Structures are given as structure tokens and as C-alpha cells.
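Beneath this line is the structure, given in C-alpha cells, with notes to follow.
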Amino acid sequence: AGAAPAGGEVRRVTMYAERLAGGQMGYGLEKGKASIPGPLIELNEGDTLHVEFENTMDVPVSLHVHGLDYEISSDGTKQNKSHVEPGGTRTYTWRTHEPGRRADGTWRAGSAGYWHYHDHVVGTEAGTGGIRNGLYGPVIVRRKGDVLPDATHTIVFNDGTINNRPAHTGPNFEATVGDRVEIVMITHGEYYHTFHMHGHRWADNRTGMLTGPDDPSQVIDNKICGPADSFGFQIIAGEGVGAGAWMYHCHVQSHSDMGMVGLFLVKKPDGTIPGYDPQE
Amino acid sequence: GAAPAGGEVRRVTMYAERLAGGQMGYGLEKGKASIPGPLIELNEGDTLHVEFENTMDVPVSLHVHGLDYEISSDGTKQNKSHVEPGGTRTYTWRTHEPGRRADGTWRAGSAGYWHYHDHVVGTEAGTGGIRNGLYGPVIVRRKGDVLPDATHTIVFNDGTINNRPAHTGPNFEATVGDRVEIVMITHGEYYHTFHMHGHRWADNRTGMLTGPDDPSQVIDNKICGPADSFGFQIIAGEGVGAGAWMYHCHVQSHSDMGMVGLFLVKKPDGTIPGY
Amino acid sequence: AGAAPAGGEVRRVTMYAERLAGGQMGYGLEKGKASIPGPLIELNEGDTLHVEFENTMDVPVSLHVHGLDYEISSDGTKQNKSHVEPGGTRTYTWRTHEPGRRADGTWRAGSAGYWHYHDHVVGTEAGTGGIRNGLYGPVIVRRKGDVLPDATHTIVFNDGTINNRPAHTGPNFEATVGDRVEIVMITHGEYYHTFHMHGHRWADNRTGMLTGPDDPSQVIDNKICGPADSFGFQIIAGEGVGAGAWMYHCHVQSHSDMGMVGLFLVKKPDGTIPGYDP
Ligand SMILES: [Cu+2]
Ligand SMILES: [Cu+2]
Ligand SMILES: [Cu+2]
Ligand SMILES: [Cu+2]
Ligand SMILES: [Cu+2]
Ligand SMILES: [Cu+2]
Ligand SMILES: [Cu+2]
Ligand SMILES: [Cu+2]
Ligand SMILES: [Cu+2]
Ligand SMILES: [Cu+2]
Ligand SMILES: [Cu+2]
Ligand SMILES: [Cu+2]
Ligand code: NA
Numbered sequence: 040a041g042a043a044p045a046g047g048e049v050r051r052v053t054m055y056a057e058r059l060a061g062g063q064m065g066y067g068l069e070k071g072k073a074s075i076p077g078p079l080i081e082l083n084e085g086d087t088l089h090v091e092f093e094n095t096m097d098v099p100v101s102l103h104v105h106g107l108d109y110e111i112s113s114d115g116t117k118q119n120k121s122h123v124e125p126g127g128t129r130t131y132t133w134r135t136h137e138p139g140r141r142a143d144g145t146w147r148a149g150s151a152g153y154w155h156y157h158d159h160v161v162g163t164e165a166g167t168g169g170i171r172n173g174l175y176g177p178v179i180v181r182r183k184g185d186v187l188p189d190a191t192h193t194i195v196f197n198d199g200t201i202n203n204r205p206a207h208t209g210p211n212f213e214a215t216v217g218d219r220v221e222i223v224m225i226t227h228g229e230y231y232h233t234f235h236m237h238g239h240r241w242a243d244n245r246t247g248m249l250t251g252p253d254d255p256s257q258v259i260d261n262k263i264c265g266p267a268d269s270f271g272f273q274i275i276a277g278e279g280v281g282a283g284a285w286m287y288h289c290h291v292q293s294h295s296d297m298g299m300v301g302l303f304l305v306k307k308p309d310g311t312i313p314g315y316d317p318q319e
Numbered sequence: 041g042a043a044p045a046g047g048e049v050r051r052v053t054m055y056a057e058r059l060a061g062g063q064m065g066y067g068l069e070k071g072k073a074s075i076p077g078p079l080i081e082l083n084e085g086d087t088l089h090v091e092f093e094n095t096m097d098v099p100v101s102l103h104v105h106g107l108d109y110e111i112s113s114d115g116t117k118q119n120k121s122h123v124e125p126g127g128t129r130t131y132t133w134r135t136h137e138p139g140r141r142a143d144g145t146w147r148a149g150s151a152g153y154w155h156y157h158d159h160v161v162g163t164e165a166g167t168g169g170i171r172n173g174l175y176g177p178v179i180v181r182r183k184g185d186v187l188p189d190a191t192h193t194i195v196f197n198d199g200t201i202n203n204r205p206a207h208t209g210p211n212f213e214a215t216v217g218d219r220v221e222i223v224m225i226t227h228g229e230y231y232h233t234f235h236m237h238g239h240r241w242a243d244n245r246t247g248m249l250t251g252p253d254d255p256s257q258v259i260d261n262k263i264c265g266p267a268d269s270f271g272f273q274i275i276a277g278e279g280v281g282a283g284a285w286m287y288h289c290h291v292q293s294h295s296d297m298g299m300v301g302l303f304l305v306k307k308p309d310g311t312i313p314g315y
Numbered sequence: 040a041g042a043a044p045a046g047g048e049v050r051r052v053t054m055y056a057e058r059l060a061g062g063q064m065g066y067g068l069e070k071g072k073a074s075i076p077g078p079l080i081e082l083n084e085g086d087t088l089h090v091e092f093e094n095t096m097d098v099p100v101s102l103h104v105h106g107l108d109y110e111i112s113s114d115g116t117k118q119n120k121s122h123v124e125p126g127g128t129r130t131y132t133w134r135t136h137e138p139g140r141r142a143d144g145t146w147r148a149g150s151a152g153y154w155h156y157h158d159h160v161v162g163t164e165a166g167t168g169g170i171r172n173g174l175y176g177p178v179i180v181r182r183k184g185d186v187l188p189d190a191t192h193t194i195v196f197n198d199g200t201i202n203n204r205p206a207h208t209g210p211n212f213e214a215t216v217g218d219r220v221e222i223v224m225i226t227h228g229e230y231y232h233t234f235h236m237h238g239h240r241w242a243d244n245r246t247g248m249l250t251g252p253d254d255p256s257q258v259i260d261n262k263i264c265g266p267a268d269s270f271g272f273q274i275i276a277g278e279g280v281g282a283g284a285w286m287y288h289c290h291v292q293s294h295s296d297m298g299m300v301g302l303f304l305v306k307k308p309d310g311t312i313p314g315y316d317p
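Chains as they are written, first to last, in full-length UniProt numbering: chain A, 40 to 319; chain B, 41 to 315; chain C, 40 to 317.
And the structure:
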């Protein structure tokens with residue numbers, strides 16, 4: 040609800056790749072608690088994260104991150120020998136940095152943004168099978184003073200599924216009118232998609248919010264995305280539109296018909312959702 | 041011309057009608073339905089009540105992008121805001137100005153290039169309705185936005201422009217110096233790239249740069265997918281002159297198969313060099 | 040670093056379309072030196088370029104440019120009769136302009152940006168055969184004060200290939216840690232792609248670098264593009280990540296599996312690449 044602090048901490052987490060039911064694989068922070076999508080990793084600009092990574096599987100797996108600073112030995116590719124053999128262990132190091140003026144007078148961009156990590160080694164040296172099986176997760180890097188949300192939810196279009204779930208099964212998210220909700224939106228696989236939210240909109244820039252009246256960024260409620268794109272935004276749940284079962288879906292028509300649909304359930308402060316009949 | 045501040049309450053009648061050969065269109069008067077539907081233009085703060093009547097024998101709905109509306113004007117079967125055959129229904133669209141919220145952040149205004157379309161014909165995503173022609177443009181202006189001399193709507197709907205047969209345009213005319221506004225909407229199954237000859241715009245809300253500090257990329261080509269919408273303004277023939285200036289989808293098989301048209305920019309006498 | 044001057048020069052260049060091996064076709068500034076992609080053309084806003092064009096092929100060809108100012112007679116299309124006949128010649132003229140205030144108070148965008156040129160006429164009236172055969176290349180228009188790079192490399196996604204090369208053959212690019220490297224990224228053909236670089240990122244705006252702390256442009260390392268899109272950016276090779284063989288690839292999974300992959304080789308000051316097996 041406040042603002043992101045300045046970074047600079049050194050953080051440590053243990054991560055596991057495990058098989059799940061149905062031929063799927065997931066990352067998790069504790070043995071037996073892997074999920075799809077993987078756990079959310081949140082860092083402030085300047086932080087260093089060491090991932091003590093254990094592969095509990097019987098096939099090689101890796102961890103590759105978009106956006107952040109990492110040396111070649113934390114690449115997560117077979118090519119640079121930064122994959123993890125079955126039963127093996129590896130320490131991955133992710134660094135982040137603040138923006139700032141260089142000596143040549145140019146502006147060096149910071150790490151802040153909506154990013155993601157995924158496998159690069161299962162199935163093919165591009166991770167095609169590992170990604171398909173669920174080896175993916177979100178990474179948020181915040182800049183000093185960024186508005187922090189009340190809740191963050193992660194939406195992944197993975198080929199024809201949302202979060203590797205069966206068609207027509209959400210996921211659904213709940214909020215109360217006035218909550219500041221953050222959506223992390225990641226795409227993977229073979230297909231392009233368009234992400235659409237009923238009754239809400241956002242700015243097409245780093246944070247999803249206009250910086251002020253001078254920000255010329257387009258305001259949208261529909262965004263085309265391709266494999267390994269990531270973006271995020273913050274909305275005020277129900278702002279100007281009120282409570283109800285607000286649909287989000289891919290707007291590619293056949294994807295919508297296949298079941299790439301979910302609900303943003305926005306409740307009144309008394310817990311009620313007007314008009315909501317879940318048999319409809 | 042500059043857009044004024046909004047705040048007016050407006051009313052319109054809208055109808056859904058069957059058209060020739062399987063098509064469906066929206067109209068503001070009975071018998072006047074078109075594809076694309078009629079252009080709805082609002083200034084931030086305006087409120088629009090759409091008194092809607094379904095004259096067809098199947099259910100139909102009206103759902104809008106970008107604008108403020110309560111759940112009862114969602115236009116989805118899921119929330120029971122569709123319209124039965126022969127039935128009527130008032131949809132209410134609101135708009136708002138930008139402004140600082142109490143928490144200190146900036147609330148985006150409604151201004152932008154938007155669209156409305158059906159959400160229940162064929163499927164509960166409106167696949168059949170959109171295919172048949174139930175879509176149209178919506179422009180919300182901010183106080184002080186530059187107003188054009190004309191506005192043209194280009195809809196890439198699957199493999200057609202505005203549901204027209206291949207190789208039939210549409211073509212639009214202007215005169216050298218005209219301030220021409222383009223609304224560009226995409227629907228259906230396919231991604232597209234929209235491409236203009238002789239002209240370019242900025243990839244931001246209005247299609248024009250705000251000034252020398254605007255870092256937005258200036259482009260003559262834009263990828264777009266189903267339900268994307270954007271717009272821009274150009275001075276017809278600026279720095280390039282009169283002529284028949286192609287626009288087309290730049291996916292090669294789409295241009296070859298007929299997603300092509302002309303922007304006919306005339307000299308003041310009415311002639312178009314080379315055409 | 041270097042900075043771009045103001046423009047306003049009138050330049051003249053000769054350009055040829057020639058046949059190459061394997062049914063391919065390319066542009067070149069000297070007979071017998073056509074290449075795919077075609078030669079890089081760099082202008083400063085305000086420059087005028089006259090292209091004295093010669094078609095050495097047996098089919099009509101044309102030169103169509105994006106983003107720049109040109110009259111209908113340099114449009115490069117059959118419908119405007121601005122193609123070039125077999126063995127014919129034609130002068131194409133491209134102009135550019137600075138940004139400025141129109142008399143009505145609105146701001147006129149400048150010509151600066153990452154653009155490209157290509158055929159519009161070989162095979163179909165959209166140039167489908169010409170583009171597939173290799174008739175395409177980069178144009179960079181710079182604005183006064185834009186920072187200049189140490190090196191510019193052009194990557195073109197054309198259908199399922201990079202730069203019409205066979206699958207998995209790169210191209211690979213070399214730099215030394217700290218080099219200011221400029222990438223021009225053009226897409227052509229039938230398919231959408233996503234372009235991804237390992238270890239590096241850029242700003243999604245005109246130059247690929249933030250203007251400063253007020254610039255809200257998304258910073259990205261992955262970008263969707265479709266036929267005839269062009270963008271570009273500059274990076275500092277290895278900045279914050281070090282030397283290594285840094286993969287770039289289309290991130291559409293089947294495309295990377297089929298060979299839309301290449302290497303950005305960032306060398307230590309002593310010319311070696313840690314962990315890289317030549
Ligand atoms: Cu990556
Ligand atoms: Cu989709
Ligand atoms: Cu919608
Ligand atoms: Cu919808
Ligand atoms: Cu990746
Ligand atoms: Cu198309
Ligand atoms: Cu063009
Ligand atoms: Cu929609
Ligand atoms: Cu063209
Ligand atoms: Cu690709
Ligand atoms: Cu990769
Ligand atoms: Cu083109
Ligand atoms: Na932008």
C-alpha cells in the first residue's frame with residue numbers, strides 16, 4: 040500500500056524443480072510445494088538474489104531469467120553449461136541495478152519492470168518442453184518510490200491455456216471495490232494472443248499508470264502479446280464502474296471460444312457481487 | 041478546431057439489423073445500418089444512453105471497449121446484459137477526465153480510440169456477430185485535442201477490410217493539406233500489420249507527438265491483433281504531394297489476397313497525379 | 040561518444056538490383072557486390088538522397104522506402120509506374136525533414152528513426168517474391184544530437200530465416216565489452232516473431248534508450264514484431280553482465296527450435312570469450 044524502498048539487499052532463496060501430476064513440472068520454494076506459475080520473486084533495484092537451485096527431477100532443467108543482470112554462468116543454457124543435471128544443485132545469481140547517468144552522458148536504464156523466469160533446457164535447448172510443462176514464473180523489480188499494490192495476480196497465456204489449467208476453469212481472482220490490484224501478464228509458447236479486461240484499462244508503459252498529465256502513453260484495454268512477452272499494470276478495482284463479475288479473456292476469437300476466459304470478481308465492501316450467478 | 045470540455049448527457053437510438061447475405065449491422069435509424077457501425081464521438085465527461093433495439097431473430101448485444109460502464113451494460117450473456125429478439129435495452133456509457141486521485145496517483149482519462157461490438161451472436165464471445173459485421177468505432181476526445189477535417193474507419197476483420205470483398209478497397213479521398221483522422225480496428229482470428237505509403241504517425245494516444253520531449257516511436261507500420269484499436273491524424277500529402285497513396289496489410293499473403301486500398305490525395309483542382 | 044550533426048546535405052548514390060545464387064536477389068552499391076540484407080543507408084534529418092538505380096535483372100523491380108519523404112514517382116509501385124524495367128534505370132529521390140511547429144501550433148514529427156527499403160513489385164504487386172528472394176535493407180535517419188554507435192548490425196526476420204541464411208547458421212556478431220553496439224531489427228514476410236536478447240535490454244521508444252528519468256517507456260528484452268515492422272536500439276556490450284556468448288533468438292518456440300538463433304559474442308579486452316567453444 041506504500042512505496043517501494045531503495046534496494047541494495049542481498050537475498051537468498053531455495054528453489055526446486057519438481058514433476059507434478061499430468062506430465063507437468065513446476066518450480067517451488069519448498070520441496071513438495073511447486074506450483075504453476077512458479078513463485079513470485081519481488082526485488083527492489085539494487086538487490087542481489089542468490090537462487091540455491093535443486094533439480095529433483097530425472098531430466099536436466101535450468102533457470103533463465105529475463106530482464107535482470109546475470110553473468111554468463113547464470114545464463115541457464117546448455118550452451119554455456121549453466122543447466123542443472125538430475126538431482127544436482129546450482130547457485131544462480133541475479134543482480135539488479137538503478138538507473139543513472141553514464142560518463143558518455145547517456146541515461147542507463149534500470150532493472151525495474153515486469154519480467155519472468157523459465158526453463159531453457161527441457162525438451163529442447165530452447166526449453167520448449169519445459170515451458171509447455173509449466174516451468175515458468177514471474178519476477179517483479181521495483182524502482183524506489185513505485186506504488187505498491189494491495190494484491191498481485193499472475194496471468195500466463197501458455198499456448199492455448201491460462202496457467203496450464205484446463206479450458207473454462209479461470210483462474211478467478213477476487214478483489215473489493217477500491218483495491219489497488221496488480222496484474223503480471225506473461226505469454227509463452229507458439230501463439231500470439233491479445234489480453235482484454237472488461238471494465239478496466241491501463242497505460243501502455245513501464246508501470247501501467249500514467250506518470251502525470253504529460254505522459255503521452257496510449258491508454259488501452261487490449262494488448263497484443265507474443266511468446267516471452269511480459270508486462271504489468273495496476274488498476275483500482277471497480278473504479279468508475281463498480282462491483283460485478285468482470286471478465287478477462289484472450290480476444291483472439293477462437294481462443295476465447297476454446298476457454299481462455301476468467302473472472303475478476305469485484306465485491307462491494309459488504310462482500311456482495313451484484314448480478315453474479317455462477318451458472319451463467 | 042479544438043475539442044471542448046465534456047459533461048453533456050446524450051441519447052441515441054441504435055438498432056441491430058440483418059443486412060444482405062448473412063451480414064449484420066448496427067444503425068442509428070431503422071434501415072440505416074452499416075458496416076462498420078456508426079461512428080460515436082464523445083468528449084471526456086460526456087454520458088451516452090444508447091436506447092437499443094434488436095430487430096433480428098437471434099439475440100445480440102452491445103459491448104464497448106475503454107469507456108466506463110456498470111456491470112449491467114457489460115453486454116454479455118454471463119451478466120444478462122444481452123438483448124432478446126425484438127427486445128429493447130438501454131446501455132449506458134460514461135466517460136471521465138484525467139485527474140489526480142486521493143492516493144496521489146494519476147487516473148487516466150477515457151480519451152482514446154475505441155470500439156463497440158457484439159458479444160453473443162454465434163458464441164458467448166460474439167464470434168459470429170463480429171464476423172457478420174457488428175462492430176463500430178468510438179472516439180473519446182480530451183479537452184484541447186486537435187479536431188480533424190474528416191475521419192475514416194478501417195477495420196481489418198479476419199481477411200477483409202470492413203467486410204468488403206477482396207480487392208475492393210475501400211478508397212478514401214482527401215485534398216492536399218486536409219487533416220485526416222484514421223481509426224484502425226482489428227477483429228477476428230488473425231494478426232495484421234497496418235501500413236501506409238507516403239505518411240507516418242507517432243505511436244502514442246493521439247498519433248501526434250506532444251512536442252520535442254515525446255520519445256514515442258514514429259512509424260508507418262504497426263502490428264495489431266483482434267480487438268486492438270488505435271488512431272492517428274495526418275496532413276494528407278504533407279511533404280510528399282498529391283497521388284494515390286496505398287494502404288494495406290503488410291502480411292504478404294493478406295496484401296496479395298486483397299487487403300489493400302487507396303488514400304486518394306487530390307490537388308486543389310481535383311486531380312490526382314499518376315492515377 | 041559521437042553525436043549526429045544537423046543534416047541538409049544532398050547526397051547521390053548508385054544502387055543495383057542483381058541476381059544471386061539460389062534464386063535469390065539483392066541490392067548493392069557496386070555491381071557484383073549485392074548482399075542480403077542490402078547496404079545500410081544512414082542519413083541525418085534534412086538530408087536529401089538521390090538513388091541512381093539500375094536493374095540488372097530480367098524482371099521489373101522497385102525500391103520502396105518506409106518513413107522518409109518521397110513523391111508518388113518515387114513510391115516504387117506498379118500502380119504509380121515507379122518500378123524499374125529490366126535493364127532500366129531510374130532516379131529515386133528520398134527526402135527527410137526536421138521536426139518543428141506548424142503554423143497551427145501542432146508539432147510535426149521528424150523523419151528520424153529506424154526504417155527499411157524493399158521491393159514492391161517482384162512476383163506480386165506487394166513484392167512477395169522480391170522480399171522472399173532478399174530484396175530488402177536498412178535505413179537509419181538520425182536526429183541532430185543522437186548518440187552514434189561503434190558498430191551497427193542488421194538482423195532481418197524474413198519468414199522462417201534470419202537474413203535469408205540457412206537454418207541455425209547465425210549470423211554471429213562480435214563486440215568487446217563496453218562497445219556501443221547498434222541493432223536494427225526488421226521483419227518481413229508471412230509470420231509474426233518475437234525478438235529476444237540474452238543479457239541485454241533496451242527501451243521501447245524511438246532510439247531504444249531512455250531520454251532520462253521522466254521517460255516512462257517500457258524497458259524490455261523481448262518484442263513482438265510482424266511483417267514490415269522496424270525498430271532499433273543501442274546497447275553497451277556486456278554492461279553489467281560481462282563477456283560471453285550471448286544468445287539472441289526468435290522466442291516463438293518452434294522458430295528457435297528450427298534455427299532462428301544466433302550469437303552476440305562479447306569478448307574480454309584480451310579478445311577471449313569465457314566458456315565459448317569456437
Ligand atoms: Cu531470455
Ligand atoms: Cu489467445
Ligand atoms: Cu471488452
Ligand atoms: Cu469480452
Ligand atoms: Cu526467455
Ligand atoms: Cu493482414
Ligand atoms: Cu510503404
Ligand atoms: Cu471486445
Ligand atoms: Cu506497400
Ligand atoms: Cu520467429
Ligand atoms: Cu533464450
Ligand atoms: Cu513496405
Ligand atoms: Na510508448
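Cβ coordinates follow ideal geometry from the N, Cα and C atoms, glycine included.
Along chain E, which residues have their Cβ under 7 Å away from the Cβ of residue i?
| i | result |
| --- | --- |
| C:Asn244 | Given the protein chain composition of this structure (A, B and C), no chain E is represented. |
Does any C-beta atom of chain B lie closer than 9 Å to the C-beta of residue i?
| i | result |
| --- | --- |
| A:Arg141 | no |
| C:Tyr156 | no |
| A:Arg147 | no |
| C:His89 | no |
Does any CB atom of chain A fall closer than 9 Å to the CB of residue i?
| i | result |
| --- | --- |
| residue 338 of chain B | It is not possible to answer for residue 338 of chain B, since the shown part of chain B is limited to 41 through 315. |
| C:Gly126 | no |
| B:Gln118 | yes |
| C:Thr250 | yes |
| C:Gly314 | yes |
| B:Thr163 | yes |
| B:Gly41 | no |
Going by DSSP, what residue range makes up the beta strand (DSSP E) through residue i?
| i | result |
| --- | --- |
| C:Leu88 | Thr87 to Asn94 |
| B:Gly67 | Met64 to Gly67 |
| C:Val49 | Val49 to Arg58 |
| A:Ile80 | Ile80 to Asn83 |
Could you tell me whether the Cβ of residue i comes closer than 9 Å to any Cβ of chain C?
| i | result |
| --- | --- |
| A:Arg134 | yes |
| B:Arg240 | yes |
| A:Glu48 | no |
Checklist entry - Between the region 213-237 of chain C and chain B, which residues of the former have CB atoms less than 9 Å from a CB of the latter, in chain order? => result Result list: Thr226, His227, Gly228, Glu229, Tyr230 and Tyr231.
Item to check | Unbroken stretches of the beta strand (DSSP E), 3 residues or longer, contained in the UniProt domain "Plastocyanin-like" (200-307) of chain B | outcome: Entirely contained in the UniProt domain "Plastocyanin-like" (200-307) of chain B, the beta strand (DSSP E) runs reaching 3 residues are, in chain order, 212-215, 219-227, 232-236, 261-264, 269-275, 283-289 and 300-306.
Next on the checklist: Taking beta-carbon pairs under 8 Å, can you tell me which members of the region 276-296 of chain B lie near chain C?
Outcome noted: Going along the region 276-296 of chain B in chain order, one finds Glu278, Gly279, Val280, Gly281, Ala282, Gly283, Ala284, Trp285, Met286, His288, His290, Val291, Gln292, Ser293, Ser295 and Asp296 with a Cβ nearer than 8 Å to chain C.
Checklist entry - Whole alpha helix (DSSP H) runs in the region 150-204 of chain B with 4 or more residues, listed along the chain? => result Every alpha helix (DSSP H) of 4 residues or more that sits fully in the region 150-204 of chain B is shown, in chain order, as 167-172.
Next on the checklist: Does the region 263-271 of chain C come into contact with the region 261-269 of chain A, if we say contact requires no fewer than three beta-carbon pairs (one atom in each stretch) closer than 8 Å?
Outcome noted: Using a C-beta cut-off of 8 Å, the region 263-271 of chain C makes contact with the region 261-269 of chain A, since at least three inter-stretch Cβ pairs fall below that distance.
Checklist entry - Touch check for the region 285-295 of chain B and the region 281-292 of chain C: three-plus C-beta pairs under 8 Å? => result Result no; under three Cβ-Cβ pairs closer than 8 Å.
Item to check | Stretch pair the region 298-306 of chain C + the region 179-191 of chain C: three plus CB contacts closer than 8 Å | outcome: Three or more Cβ pairs closer than 8 Å define a contact, and the region 298-306 of chain C falls short of that threshold against the region 179-191 of chain C.
Next on the checklist: Quick check: the region 205-215 of chain B against the region 245-255 of chain B, are at least 3 beta-carbon pairs closer than 8 Å?
Outcome noted: No, they do not touch.
Checklist entry - Going along the chain, which residues of the region 167-193 of chain A sit with their C-beta nearer than 8 Å to a C-beta in chain B? => result For the region 167-193 of chain A, the set of positions with a beta-carbon nearer than 8 Å to some beta-carbon of chain B reads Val186 in chain order.
Checklist entry - Are the region 71-87 of chain C and the region 112-125 of chain C in contact at 8 Å, needing three or more beta carbon pairs? => result Touching, no.
Next on the checklist: Beta carbons nearer than 9 Å to chain A: which residues of the region 56-72 of chain B have them?
Outcome noted: Those residues of the region 56-72 of chain B that come within reach of chain A (Cβ to Cβ, closer than 9 Å) do not exist; the list is empty.
Next on the checklist: Tell me whether the region 63-80 of chain A and the region 225-234 of chain C touch, counting them as touching only if at least three CB pairs, one residue from each stretch, are closer than 8 Å.
Outcome noted: These segments do not touch.
Next on the checklist: Quick check for students: name the residue ranges of the beta strand (DSSP E) that lie wholly in the region 91-142 of chain C, counting only runs of 3 or more.
Outcome noted: Runs found: 128-134.
Next on the checklist: Does the contact criterion of 3 or more C-beta pairs under 8 Å hold for the region 100-115 of chain C versus the region 125-139 of chain C?
Outcome noted: Because the criterion of three Cβ pairs below 8 Å is met, the region 100-115 of chain C and the region 125-139 of chain C touch.
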